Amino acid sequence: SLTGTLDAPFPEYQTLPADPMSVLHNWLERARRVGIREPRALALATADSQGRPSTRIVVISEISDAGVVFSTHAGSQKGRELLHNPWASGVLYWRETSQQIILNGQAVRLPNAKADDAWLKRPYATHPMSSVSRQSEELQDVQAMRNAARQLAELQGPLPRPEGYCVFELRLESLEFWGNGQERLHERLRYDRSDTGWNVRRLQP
């Protein structure tokens, strides 16, 4: 099913760099240079108190020292799940280069001053709907929501940050970099955090 047609170098599969955050930064920078479409669209999995997963796309806003950062609403399914079970996993998949990056760890809600900054960095045209919507609750009246947001759209932004608008940091415990390789020997480079740094392994395809 693969369709990749842009160059996809994976020298790290040979050299086994010690720091997977450096690999992550370099893969993302390469993705930006070669023009991958929506490279930061992360399929993010959380799980409820029974261990049942749920998934959705979120956008990675930043790569931090400990992992990756995204924004969402605290009262959404993902926010409620993360509040009780911080473990999460996300995958980036770039069709053009046949590459995946899998990111596993614990996601921690950051303080309100970080949320305030993230909110002000969103285009102000986003503020009305984000203010009126209680993400993932049932929507009883579509027109009423549309009209309330239109009222707020008439203002000069920015609007106040809504209470539940929050930023999570996914602090990584493991990562995998996947490339298509040659001869169906797909190339899998797996990192796991240790007490003192990171361990690295190749995995069978």
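Quick note: we count residues from 1 along the sequence shown, nothing fancier. C-alpha atoms forming the largest set that superposes within 1.5 Å between two forms make up the rigid core.
In 4 other deposited structures of this protein, superposed on the rigid core, the segment with the larger root-mean-square CA displacement between 64-72 and 152-160 is 152-160. Between 173-181 and 140-148, it is 140-148 that carries the larger average Cα temperature factor according to the deposited entry. Comparing the deposited coordinates for 67-75 and 117-125, the stretch with the larger average C-alpha B-factor is 117-125.
Across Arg56, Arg40, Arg52, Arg30, the greatest Cα temperature factor reported in the deposited entry is at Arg30. Sort the modelled residues of the chain by CA B factor and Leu82 lands in the middle third. Per the deposited record, the Cα B-factor of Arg193 falls in the highest third when ranked against the other modelled residues of its chain. Remark: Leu159 belongs to the middle third of its chain, ranked by C-alpha B-factor as recorded. Per the deposited record, the Cα B-factor of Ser61 falls in the middle third when ranked against the other modelled residues of its chain.
Ranked against the other modelled residues of its chain, the C-alpha B-factor of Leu110 as given in the entry falls in the middle third.
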